[PDB]
Amino acid sequence: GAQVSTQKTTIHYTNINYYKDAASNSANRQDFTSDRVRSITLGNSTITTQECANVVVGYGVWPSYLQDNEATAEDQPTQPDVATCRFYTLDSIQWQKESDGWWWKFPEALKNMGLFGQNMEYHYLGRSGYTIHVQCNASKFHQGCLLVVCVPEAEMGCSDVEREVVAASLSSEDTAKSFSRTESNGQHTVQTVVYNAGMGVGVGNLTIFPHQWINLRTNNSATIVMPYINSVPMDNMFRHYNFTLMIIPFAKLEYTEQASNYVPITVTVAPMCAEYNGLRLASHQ
Amino acid sequence: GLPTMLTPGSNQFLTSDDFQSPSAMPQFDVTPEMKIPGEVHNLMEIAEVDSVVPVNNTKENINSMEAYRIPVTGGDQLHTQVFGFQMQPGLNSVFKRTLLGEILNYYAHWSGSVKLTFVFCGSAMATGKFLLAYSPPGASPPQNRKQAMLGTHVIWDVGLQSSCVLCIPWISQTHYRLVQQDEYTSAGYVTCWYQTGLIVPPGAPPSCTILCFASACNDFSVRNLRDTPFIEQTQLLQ
Amino acid sequence: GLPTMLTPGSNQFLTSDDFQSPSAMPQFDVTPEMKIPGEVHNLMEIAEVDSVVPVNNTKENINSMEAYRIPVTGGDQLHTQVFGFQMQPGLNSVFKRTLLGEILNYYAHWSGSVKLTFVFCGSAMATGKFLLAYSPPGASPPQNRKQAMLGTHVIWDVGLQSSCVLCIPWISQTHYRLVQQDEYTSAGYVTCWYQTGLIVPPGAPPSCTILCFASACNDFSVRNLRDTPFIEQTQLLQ
Amino acid sequence: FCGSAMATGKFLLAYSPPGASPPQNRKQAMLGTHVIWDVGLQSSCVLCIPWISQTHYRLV
Amino acid sequence: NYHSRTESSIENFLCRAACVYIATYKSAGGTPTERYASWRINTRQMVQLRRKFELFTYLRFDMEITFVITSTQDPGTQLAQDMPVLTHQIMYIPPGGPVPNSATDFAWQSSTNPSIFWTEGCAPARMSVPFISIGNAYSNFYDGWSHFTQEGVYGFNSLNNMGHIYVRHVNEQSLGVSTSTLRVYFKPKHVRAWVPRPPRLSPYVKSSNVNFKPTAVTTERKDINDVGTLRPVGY
Ligand SMILES: CCCCCCCCCCCCC/C=C/[C@H](O)[C@H](N)CO
């Protein structure tokens, strides 16, 4: 009551709140001023990245548990620390000259690997942070570049307008969907053009989301420690994708005549501090 | 009671106001606060993240992905200009759909220092030097390297380091230049010239691809707010 | 005098307001206060009193009184399901005209733990065990006892105690679930299965009747207010 | 790795515990404890196979 | 370096009232759907506000809704000759409430609903609404289906459950026929914005999903080293 402050040019302003609701006040609009390599050992499967390589820690935050301060569940059964933390390796996509790009959808891309698809198949809720590590074996005469990006909530538009999308075309089971350098003509598939990144945004503007570059000159691999990002604290993993990887080569790979032409790319994700709630004797499928 | 007088400004609906109003949901408690990561505070923090700029924005190339890759062929040139663009962050075709431009296009006035970081995507064995020069508005665009050398420039050794960065300086008559720059309140041309010529060994491919990342330096500011002349509609879309 | 400005919101009649007004009966004394018992303070105290739920709400039975009595025939079944209902306190036919439902139907959002107490009205000598299981939304309704056992459950010995109570837990993605529950913000099925089979001696009648009482636990809350879609009118009734 | 300096590649070495059947495709191997080794970044990657056993001692 | 940002804040970028809906409703007998005008509460109808919201993934704000209700006179015969002021009624319907089938219905009493009666020739009607959702944030993008077996609708059209604003006239208008148009304005305050994301390059085509046609990145210039114009457009 009877407050006095400053304004952006003595000069002041005395505004009072005449209402009994916090959402009825005005807007605030004022500020009060042979060699050494590191080895991540998580679960029982290690990696070897580099000594000199940076590791991007998500949106600044490390993946952590959901404390009692911000829980809305009723009862909380156990979360495993060894059983689902291993560096699970997915299928190896093959990089060629005219390769467009690849994507994944990770809450529905680990359903077969280990017990991570054997805990979320029973419990109703779910929460896990991820530690993606994508690698390609380099050489000094194999120029080319790569961009990885973990876009969260990557709503993808359908190929034909006034249609929805189908779950068989949005995600795949073990394979990464290609990113046609042209336009898909499908009636129910996804609009998978590469210069719009599926969501309709400019594909150069995918650098806000945690991103790393796998430039074949000065980098061999890339590791993004993505945190669990969702509005609700807990949501089911079978009808919701938390984020989406996108591996789009900005510069095509150009080898020479007497050089290898079967350069692979693997992804080696690992769920960190995976929590579950609501055990129901379901056994989903 | 109190004998007030209604001043001019009564019974109006100015949009950019700050007035109180009675609540439609009284005594309505909210859901408690959660710490979603990435809580942005100011909009300019999106204009501090690099976004690739389509430097090769030719007519055939723009539709294709090959509009972001700038050619750096290897051979004896010593006159060829790899790229040149007026440094107009708002109207220029090169920077307008980039993240810096999109936030900037919302705001009418721009003041700060842009940073262009040019990465080299090429074989490890390749080595070359390039002179990137910001020529201030002065008179005419640089057309030969000797003309570019006078203006502020950085020599980048592709072999010693990839990702050389040029922080284009803010030299201007006025504190703020309009995003729709006119001949007055305009900005100088930026250009890149070969210094030694790329030297690529027999085992590696001669051609290489260089890409450009543009993000504002810390001292960037916006002054007004306006409709974006990029998106439109026709009817109430349903 | 005072030069006020009439803000938007002037000369309006928002219903859910709180404004002062001059009195039409000035200096009018009232009758003094009396202590009538049962002075309720909050409306949710009516939703803490048990009201029988019409569990056998079949088409022929609803008109009759025999919609509140759930059959528990004695014999070797071991597969028969005495009852099953989605635990939707607002839309479900079972709970909507019960006291918990009627107060709840007035309020748009429901958050809390419901308690169902199933009394056994039967001969003193009768003895049996029943498994009542709240299966969370998960996948499909329990169809055999082995399916029900996994979900939270209580084994009740009819002989040892009548009136076993199950406090259905609040496990939900959101703090509040809409009374008009959709597939999203829905609630899990609740079911009851024979464990041993009722054992009734020769001198007593084999059949028995079990009834269901539903009242919210202490932690129940409502969030919005709306018209009840249960009562209506046509004209000004005279 | 005995190979040319310019060579680069990644290999997943996985100790699958006795469990059920030998790993036959990479997706099967990923679940078991594993290390991704970048041949180019470092030669000589080492895997310390862990001791997970029902008994303190296993007969040779 | 003394050029700090004040009008680049998350408040002043989003504390500006944008038009969200354009309704039209008459005041005559016959065709009872023309008497009232319903609207499910989206922000996805008008584009000018939609692009400002779809820079951030999640949001949380309190809002200030305003209506500039204006009316005309319909042509033809039997016109008013003289006409008193005509008042409008704006009723919010919560998710899961009974809606009126037509005008002069039984359900227009609005005992629980926050109706507001507005007279013409006055200031535009105004109300404040708090952060009203079951979740912790107004999610602008929901990459997930409705049902757990992956059917139903897909996209943001599962957590947009905000009910409808149903507007009507409350005068009988015995002589004439006259329409009126409703223009809803949303001005979110106390705004918090999480997880920024790029602007939509392609034009909008729908209000149900993120459908789009594959557009070019930017416009085309002449060459790789085109500096535009060296002299003015004359000569
Ligand atoms: C005064 C009578 C009308 C009262 C209207 C109730 C308040 C208006 C609803 C608030 C809208 C919330 C902001 C946006 C919600 C959803 O997240 C977006 N539509 C996302 O699509």
# chains A, B, ... in the order shown; residues from 1 in each chain; ligands from 1
>>> residues_near_ligand(ligand="ligand 1", cutoff="9 Å", atoms="only C-alpha atoms and all ligand atoms", output="ChimeraX atom specification")
/B:23-25 /C:14 /E:41-44,50,53,58-66,90-94,113-116,125-133,137-141,156-166,186,188,207
>>> select_by_dssp(residues="region 5-183 of chain C", states="helix (DSSP H, G or I)", output="VMD selection string")
chain C and resid 43 to 48 59 to 63 99 to 106 145 to 150
>>> write_last_selection(atoms="N, CA, C and O atoms", output="tab-separated table (two decimals), in the first residue's frame")
chain	number	residue	atom	x	y	z
C	43	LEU	N	-19.33	-26.58	1.66
C	43	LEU	CA	-20.22	-27.51	0.97
C	43	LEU	C	-19.66	-28.93	0.93
C	43	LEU	O	-20.44	-29.88	0.87
C	44	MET	N	-18.34	-29.09	1.00
C	44	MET	CA	-17.74	-30.41	0.91
C	44	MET	C	-18.02	-31.29	2.12
C	44	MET	O	-17.79	-32.50	2.05
C	45	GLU	N	-18.53	-30.72	3.22
C	45	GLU	CA	-18.97	-31.53	4.35
C	45	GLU	C	-20.20	-32.36	4.03
C	45	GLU	O	-20.49	-33.30	4.78
C	46	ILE	N	-20.93	-32.05	2.96
C	46	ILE	CA	-21.98	-32.95	2.50
C	46	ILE	C	-21.36	-34.10	1.70
C	46	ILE	O	-21.90	-35.21	1.68
C	47	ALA	N	-20.21	-33.87	1.07
C	47	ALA	CA	-19.50	-34.91	0.34
C	47	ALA	C	-18.52	-35.68	1.21
C	47	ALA	O	-17.59	-36.30	0.68
C	48	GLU	N	-18.78	-35.72	2.51
C	48	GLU	CA	-17.97	-36.56	3.41
C	48	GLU	C	-18.95	-37.49	4.11
C	48	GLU	O	-18.52	-38.30	4.95
C	59	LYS	N	-31.42	-51.64	-16.48
C	59	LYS	CA	-32.60	-50.89	-16.99
C	59	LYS	C	-33.89	-51.19	-16.22
C	59	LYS	O	-34.62	-50.25	-15.91
C	60	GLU	N	-34.18	-52.47	-16.00
C	60	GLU	CA	-35.40	-52.84	-15.23
C	60	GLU	C	-35.21	-52.45	-13.77
C	60	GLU	O	-36.17	-51.95	-13.16
C	61	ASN	N	-34.02	-52.67	-13.22
C	61	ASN	CA	-33.76	-52.42	-11.79
C	61	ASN	C	-33.81	-50.93	-11.41
C	61	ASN	O	-34.32	-50.65	-10.33
C	62	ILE	N	-33.36	-50.00	-12.26
C	62	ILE	CA	-33.25	-48.57	-11.82
C	62	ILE	C	-34.60	-48.09	-11.33
C	62	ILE	O	-34.63	-47.39	-10.31
C	63	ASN	N	-35.69	-48.42	-12.03
C	63	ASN	CA	-36.99	-47.87	-11.59
C	63	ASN	C	-37.25	-48.43	-10.20
C	63	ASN	O	-37.70	-47.68	-9.34
C	99	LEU	N	-24.76	-38.49	-3.27
C	99	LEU	CA	-24.50	-37.14	-2.71
C	99	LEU	C	-23.13	-36.66	-3.20
C	99	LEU	O	-23.04	-35.49	-3.60
C	100	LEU	N	-22.13	-37.53	-3.23
C	100	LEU	CA	-20.79	-37.02	-3.62
C	100	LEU	C	-20.93	-36.46	-5.03
C	100	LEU	O	-20.46	-35.34	-5.27
C	101	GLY	N	-21.60	-37.18	-5.90
C	101	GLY	CA	-21.73	-36.74	-7.30
C	101	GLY	C	-22.52	-35.46	-7.41
C	101	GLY	O	-22.12	-34.61	-8.20
C	102	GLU	N	-23.61	-35.31	-6.66
C	102	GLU	CA	-24.46	-34.11	-6.87
C	102	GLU	C	-23.69	-32.84	-6.52
C	102	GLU	O	-23.69	-31.92	-7.34
C	103	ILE	N	-22.99	-32.81	-5.38
C	103	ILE	CA	-22.17	-31.60	-5.09
C	103	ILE	C	-21.10	-31.50	-6.17
C	103	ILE	O	-20.90	-30.40	-6.70
C	104	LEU	N	-20.49	-32.63	-6.54
C	104	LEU	CA	-19.38	-32.61	-7.54
C	104	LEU	C	-19.93	-32.11	-8.87
C	104	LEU	O	-19.22	-31.37	-9.53
C	105	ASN	N	-21.15	-32.49	-9.24
C	105	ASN	CA	-21.67	-32.11	-10.58
C	105	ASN	C	-21.76	-30.58	-10.66
C	105	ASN	O	-21.60	-30.05	-11.76
C	106	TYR	N	-22.03	-29.92	-9.54
C	106	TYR	CA	-22.03	-28.44	-9.53
C	106	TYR	C	-20.64	-27.92	-9.88
C	106	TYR	O	-20.57	-26.90	-10.57
C	145	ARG	N	-9.59	-63.07	-12.28
C	145	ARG	CA	-9.02	-62.63	-10.98
C	145	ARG	C	-7.52	-62.39	-11.10
C	145	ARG	O	-7.04	-61.42	-10.52
C	146	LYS	N	-6.81	-63.24	-11.85
C	146	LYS	CA	-5.33	-63.12	-11.96
C	146	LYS	C	-5.01	-61.74	-12.53
C	146	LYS	O	-4.02	-61.15	-12.10
C	147	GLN	N	-5.82	-61.25	-13.48
C	147	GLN	CA	-5.59	-59.88	-14.00
C	147	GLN	C	-5.81	-58.84	-12.89
C	147	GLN	O	-5.03	-57.89	-12.83
C	148	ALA	N	-6.85	-59.00	-12.06
C	148	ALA	CA	-7.16	-58.02	-10.99
C	148	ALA	C	-6.11	-58.02	-9.87
C	148	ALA	O	-5.89	-56.96	-9.29
C	149	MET	N	-5.51	-59.17	-9.58
C	149	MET	CA	-4.58	-59.28	-8.42
C	149	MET	C	-3.44	-58.28	-8.57
C	149	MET	O	-3.05	-57.70	-7.55
C	150	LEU	N	-2.94	-58.05	-9.78
C	150	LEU	CA	-1.76	-57.16	-9.93
C	150	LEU	C	-2.10	-55.76	-9.42
C	150	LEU	O	-1.25	-55.20	-8.70
>>> select_by_dssp(residues="chain D", states="strand (DSSP E)", output="JSON, numbers by chain")
{"D": [10, 11, 12, 13, 14, 15, 33, 34, 35, 36, 37, 38]}
>>> write_last_selection(atoms="C-alpha atoms", output="PDB file, in the first residue's frame")
ATOM      1  CA  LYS D  10      33.649 -46.634 -33.605  1.00  0.00           C
ATOM      2  CA  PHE D  11      33.192 -50.204 -32.200  1.00  0.00           C
ATOM      3  CA  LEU D  12      30.791 -51.350 -29.415  1.00  0.00           C
ATOM      4  CA  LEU D  13      32.325 -54.125 -27.251  1.00  0.00           C
ATOM      5  CA  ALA D  14      29.642 -55.621 -24.991  1.00  0.00           C
ATOM      6  CA  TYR D  15      29.933 -58.188 -22.193  1.00  0.00           C
ATOM      7  CA  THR D  33      27.287 -53.489 -20.481  1.00  0.00           C
ATOM      8  CA  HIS D  34      29.304 -51.932 -23.346  1.00  0.00           C
ATOM      9  CA  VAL D  35      31.991 -49.334 -24.286  1.00  0.00           C
ATOM     10  CA  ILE D  36      31.951 -47.299 -27.553  1.00  0.00           C
ATOM     11  CA  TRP D  37      35.594 -46.881 -28.697  1.00  0.00           C
ATOM     12  CA  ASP D  38      36.626 -44.216 -31.242  1.00  0.00           C
TER      13      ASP D  38
END
>>> interface_residues(of="chain B", to="chain C", cutoff="9 Å", atoms="only C-alpha atoms", output="list in words")
residues 2, 3, 4, 5, 6, 7, 8, 9, 10, 11, 12, 13, 19, 20, 21, 22, 23, 24, 25, 26, 28, 29 and 31 of chain B
>>> write_last_selection(atoms="N, CA, C and O atoms", output="PDB file, in the first residue's frame")
ATOM      1  N   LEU B   2     -17.253  13.042  -4.591  1.00  0.00           N
ATOM      2  CA  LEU B   2     -16.050  13.665  -5.133  1.00  0.00           C
ATOM      3  C   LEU B   2     -16.337  14.223  -6.520  1.00  0.00           C
ATOM      4  O   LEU B   2     -16.748  13.468  -7.407  1.00  0.00           O
ATOM      5  N   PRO B   3     -16.143  15.514  -6.748  1.00  0.00           N
ATOM      6  CA  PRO B   3     -16.483  16.125  -8.044  1.00  0.00           C
ATOM      7  C   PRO B   3     -15.348  16.033  -9.061  1.00  0.00           C
ATOM      8  O   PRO B   3     -14.606  16.980  -9.321  1.00  0.00           O
ATOM      9  N   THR B   4     -15.200  14.854  -9.654  1.00  0.00           N
ATOM     10  CA  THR B   4     -14.154  14.642 -10.638  1.00  0.00           C
ATOM     11  C   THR B   4     -14.552  15.240 -11.983  1.00  0.00           C
ATOM     12  O   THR B   4     -15.703  15.614 -12.218  1.00  0.00           O
ATOM     13  N   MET B   5     -13.573  15.324 -12.876  1.00  0.00           N
ATOM     14  CA  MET B   5     -13.778  15.790 -14.237  1.00  0.00           C
ATOM     15  C   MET B   5     -13.152  14.777 -15.180  1.00  0.00           C
ATOM     16  O   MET B   5     -11.992  14.393 -14.995  1.00  0.00           O
ATOM     17  N   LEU B   6     -13.913  14.342 -16.178  1.00  0.00           N
ATOM     18  CA  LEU B   6     -13.439  13.324 -17.108  1.00  0.00           C
ATOM     19  C   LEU B   6     -12.525  13.979 -18.135  1.00  0.00           C
ATOM     20  O   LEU B   6     -12.978  14.761 -18.976  1.00  0.00           O
ATOM     21  N   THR B   7     -11.235  13.664 -18.061  1.00  0.00           N
ATOM     22  CA  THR B   7     -10.258  14.215 -18.978  1.00  0.00           C
ATOM     23  C   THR B   7     -10.403  13.555 -20.350  1.00  0.00           C
ATOM     24  O   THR B   7     -11.069  12.524 -20.482  1.00  0.00           O
ATOM     25  N   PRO B   8      -9.852  14.167 -21.400  1.00  0.00           N
ATOM     26  CA  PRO B   8      -9.722  13.456 -22.677  1.00  0.00           C
ATOM     27  C   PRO B   8      -8.861  12.212 -22.538  1.00  0.00           C
ATOM     28  O   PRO B   8      -7.766  12.250 -21.972  1.00  0.00           O
ATOM     29  N   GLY B   9      -9.371  11.104 -23.059  1.00  0.00           N
ATOM     30  CA  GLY B   9      -8.749   9.812 -22.869  1.00  0.00           C
ATOM     31  C   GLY B   9      -9.710   8.872 -22.179  1.00  0.00           C
ATOM     32  O   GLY B   9      -9.361   7.743 -21.829  1.00  0.00           O
ATOM     33  N   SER B  10     -10.933   9.346 -21.972  1.00  0.00           N
ATOM     34  CA  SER B  10     -11.959   8.548 -21.326  1.00  0.00           C
ATOM     35  C   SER B  10     -12.677   7.686 -22.353  1.00  0.00           C
ATOM     36  O   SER B  10     -12.853   8.098 -23.505  1.00  0.00           O
ATOM     37  N   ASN B  11     -13.078   6.485 -21.918  1.00  0.00           N
ATOM     38  CA  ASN B  11     -13.826   5.510 -22.721  1.00  0.00           C
ATOM     39  C   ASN B  11     -13.084   5.138 -24.004  1.00  0.00           C
ATOM     40  O   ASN B  11     -13.662   5.075 -25.089  1.00  0.00           O
ATOM     41  N   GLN B  12     -11.784   4.897 -23.875  1.00  0.00           N
ATOM     42  CA  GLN B  12     -10.956   4.530 -25.009  1.00  0.00           C
ATOM     43  C   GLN B  12     -10.344   3.160 -24.769  1.00  0.00           C
ATOM     44  O   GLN B  12     -10.426   2.596 -23.676  1.00  0.00           O
ATOM     45  N   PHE B  13      -9.729   2.624 -25.818  1.00  0.00           N
ATOM     46  CA  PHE B  13      -9.193   1.274 -25.814  1.00  0.00           C
ATOM     47  C   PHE B  13      -7.797   1.277 -26.446  1.00  0.00           C
ATOM     48  O   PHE B  13      -7.545   0.662 -27.479  1.00  0.00           O
ATOM     49  N   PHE B  19      -3.636  -1.196 -17.347  1.00  0.00           N
ATOM     50  CA  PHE B  19      -4.709  -0.840 -16.437  1.00  0.00           C
ATOM     51  C   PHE B  19      -5.140  -2.066 -15.648  1.00  0.00           C
ATOM     52  O   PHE B  19      -4.948  -3.206 -16.079  1.00  0.00           O
ATOM     53  N   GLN B  20      -5.735  -1.820 -14.488  1.00  0.00           N
ATOM     54  CA  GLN B  20      -6.300  -2.912 -13.718  1.00  0.00           C
ATOM     55  C   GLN B  20      -7.681  -3.262 -14.257  1.00  0.00           C
ATOM     56  O   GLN B  20      -8.273  -2.525 -15.051  1.00  0.00           O
ATOM     57  N   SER B  21      -8.203  -4.403 -13.810  1.00  0.00           N
ATOM     58  CA  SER B  21      -9.493  -4.894 -14.275  1.00  0.00           C
ATOM     59  C   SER B  21     -10.008  -5.906 -13.269  1.00  0.00           C
ATOM     60  O   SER B  21      -9.205  -6.608 -12.647  1.00  0.00           O
ATOM     61  N   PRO B  22     -11.324  -6.007 -13.080  1.00  0.00           N
ATOM     62  CA  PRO B  22     -11.855  -7.004 -12.147  1.00  0.00           C
ATOM     63  C   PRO B  22     -11.718  -8.411 -12.704  1.00  0.00           C
ATOM     64  O   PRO B  22     -11.660  -8.632 -13.913  1.00  0.00           O
ATOM     65  N   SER B  23     -11.661  -9.370 -11.789  1.00  0.00           N
ATOM     66  CA  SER B  23     -11.389 -10.753 -12.147  1.00  0.00           C
ATOM     67  C   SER B  23     -12.682 -11.483 -12.476  1.00  0.00           C
ATOM     68  O   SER B  23     -13.718 -11.252 -11.848  1.00  0.00           O
ATOM     69  N   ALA B  24     -12.612 -12.367 -13.468  1.00  0.00           N
ATOM     70  CA  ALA B  24     -13.762 -13.174 -13.852  1.00  0.00           C
ATOM     71  C   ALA B  24     -13.816 -14.498 -13.113  1.00  0.00           C
ATOM     72  O   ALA B  24     -14.894 -15.091 -12.994  1.00  0.00           O
ATOM     73  N   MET B  25     -12.675 -14.984 -12.628  1.00  0.00           N
ATOM     74  CA  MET B  25     -12.594 -16.184 -11.804  1.00  0.00           C
ATOM     75  C   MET B  25     -12.100 -15.777 -10.423  1.00  0.00           C
ATOM     76  O   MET B  25     -10.896 -15.863 -10.141  1.00  0.00           O
ATOM     77  N   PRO B  26     -12.975 -15.319  -9.532  1.00  0.00           N
ATOM     78  CA  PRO B  26     -12.515 -14.860  -8.221  1.00  0.00           C
ATOM     79  C   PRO B  26     -12.186 -16.021  -7.298  1.00  0.00           C
ATOM     80  O   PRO B  26     -12.821 -17.077  -7.339  1.00  0.00           O
ATOM     81  N   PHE B  28      -9.693 -18.004  -7.370  1.00  0.00           N
ATOM     82  CA  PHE B  28      -9.330 -19.194  -8.134  1.00  0.00           C
ATOM     83  C   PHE B  28      -7.845 -19.458  -7.931  1.00  0.00           C
ATOM     84  O   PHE B  28      -6.998 -18.736  -8.462  1.00  0.00           O
ATOM     85  N   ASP B  29      -7.529 -20.486  -7.146  1.00  0.00           N
ATOM     86  CA  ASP B  29      -6.144 -20.895  -6.957  1.00  0.00           C
ATOM     87  C   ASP B  29      -5.578 -21.507  -8.234  1.00  0.00           C
ATOM     88  O   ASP B  29      -6.311 -22.008  -9.090  1.00  0.00           O
ATOM     89  N   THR B  31      -2.368 -23.853 -10.315  1.00  0.00           N
ATOM     90  CA  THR B  31      -1.445 -24.961 -10.151  1.00  0.00           C
ATOM     91  C   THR B  31      -0.095 -24.418  -9.686  1.00  0.00           C
ATOM     92  O   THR B  31       0.314 -23.336 -10.118  1.00  0.00           O
TER      93      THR B  31
END
>>> decode(residues="region 40-52 of chain D", atoms="N, CA and C atoms", output="PDB file, in the first residue's frame")
ATOM      1  N   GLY D  40      39.878 -43.611 -34.106  1.00  0.00           N
ATOM      2  CA  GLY D  40      40.674 -42.414 -34.425  1.00  0.00           C
ATOM      3  C   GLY D  40      41.087 -41.642 -33.195  1.00  0.00           C
ATOM      4  N   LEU D  41      40.166 -41.419 -32.258  1.00  0.00           N
ATOM      5  CA  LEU D  41      40.537 -40.564 -31.103  1.00  0.00           C
ATOM      6  C   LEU D  41      41.608 -41.269 -30.268  1.00  0.00           C
ATOM      7  N   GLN D  42      41.442 -42.565 -30.025  1.00  0.00           N
ATOM      8  CA  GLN D  42      42.411 -43.282 -29.170  1.00  0.00           C
ATOM      9  C   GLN D  42      42.563 -44.712 -29.657  1.00  0.00           C
ATOM     10  N   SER D  43      43.783 -45.238 -29.693  1.00  0.00           N
ATOM     11  CA  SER D  43      43.948 -46.682 -29.975  1.00  0.00           C
ATOM     12  C   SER D  43      43.891 -47.319 -28.591  1.00  0.00           C
ATOM     13  N   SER D  44      43.899 -48.639 -28.480  1.00  0.00           N
ATOM     14  CA  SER D  44      43.980 -49.288 -27.143  1.00  0.00           C
ATOM     15  C   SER D  44      42.823 -49.001 -26.181  1.00  0.00           C
ATOM     16  N   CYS D  45      41.574 -49.084 -26.632  1.00  0.00           N
ATOM     17  CA  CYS D  45      40.449 -48.976 -25.666  1.00  0.00           C
ATOM     18  C   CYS D  45      40.423 -50.239 -24.807  1.00  0.00           C
ATOM     19  N   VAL D  46      40.124 -50.122 -23.513  1.00  0.00           N
ATOM     20  CA  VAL D  46      40.188 -51.293 -22.589  1.00  0.00           C
ATOM     21  C   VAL D  46      38.814 -51.556 -21.981  1.00  0.00           C
ATOM     22  N   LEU D  47      38.390 -52.819 -21.940  1.00  0.00           N
ATOM     23  CA  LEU D  47      37.108 -53.179 -21.288  1.00  0.00           C
ATOM     24  C   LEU D  47      37.435 -54.041 -20.071  1.00  0.00           C
ATOM     25  N   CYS D  48      37.088 -53.584 -18.867  1.00  0.00           N
ATOM     26  CA  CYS D  48      37.290 -54.425 -17.663  1.00  0.00           C
ATOM     27  C   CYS D  48      36.013 -55.228 -17.464  1.00  0.00           C
ATOM     28  N   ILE D  49      36.001 -56.478 -17.925  1.00  0.00           N
ATOM     29  CA  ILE D  49      34.757 -57.288 -17.858  1.00  0.00           C
ATOM     30  C   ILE D  49      34.425 -57.444 -16.384  1.00  0.00           C
ATOM     31  N   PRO D  50      33.213 -57.066 -15.941  1.00  0.00           N
ATOM     32  CA  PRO D  50      32.881 -57.088 -14.520  1.00  0.00           C
ATOM     33  C   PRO D  50      32.670 -58.495 -13.958  1.00  0.00           C
ATOM     34  N   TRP D  51      32.821 -58.644 -12.646  1.00  0.00           N
ATOM     35  CA  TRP D  51      32.578 -59.959 -12.008  1.00  0.00           C
ATOM     36  C   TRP D  51      31.138 -59.987 -11.508  1.00  0.00           C
ATOM     37  N   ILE D  52      30.215 -60.552 -12.285  1.00  0.00           N
ATOM     38  CA  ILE D  52      28.824 -60.721 -11.783  1.00  0.00           C
ATOM     39  C   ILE D  52      28.580 -62.225 -11.737  1.00  0.00           C
TER      40      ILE D  52
END
